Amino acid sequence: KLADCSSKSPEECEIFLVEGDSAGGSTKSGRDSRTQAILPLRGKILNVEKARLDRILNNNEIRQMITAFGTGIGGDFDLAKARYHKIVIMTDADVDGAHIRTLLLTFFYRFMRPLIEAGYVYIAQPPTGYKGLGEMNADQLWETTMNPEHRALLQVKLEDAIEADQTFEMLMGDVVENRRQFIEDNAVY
């Protein structure tokens, strides 16, 4: 489950999406509980660009997010109900943490597209160590990634939907061939 912000006021409250349960637990003990809620993600989540809507709506991870954001999905998405003004993607600084990052953005882009425009969606900058989020201290996690003071955030910005449509379909889509070709063409070894 999600640990929520004591504060009732959506305007000031932020939710961290944390990769892994060890990172989640440490995050909880470190965060300023007034305005920071913590929803852990157990590993890779679902690649919606390849899944049919019945599977999507049955996914625990996907369902915990829909719940927590409380804004409905697709057609039924209304910004007004948003329970947090800052939604933060907090993953490891590894290739897997980048995978999970691209997964969450696929979900956002295909279901809560409205939310990206509104720029409530952010990407944490954890220590680019060899260490991961589950191996750090809560005070190390606090003042490096969470303390509203000495933290830096990348606010996610969409600026061409036609470009974004083709990209999400090529990378996260079911046709392997096109994905194989984008690797072939941009990969530098």
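All residue numbers refer to positions in the sequence shown, first residue = 1.
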Decide which of the stretches 5-13 and 165-173 has the higher mean C-alpha B-factor, going by the entry. 5-13
Greater mean Cα temperature factor according to the PDB record, 70-78 or 99-107: 70-78
Chain thirds of CA B-factor: placement of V156: middle
Split the chain's modelled residues into thirds by Cα B-factor; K50 lands in the lowest
Just say lowest, middle or highest third for the CA B-factor of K44 relative to the other modelled residues in its chain. lowest
Where does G132 sit by CA temperature factor within its chain: lowest, middle or highest third? lowest
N58: C-alpha B-factor third of its chain, per the entry, is the lowest
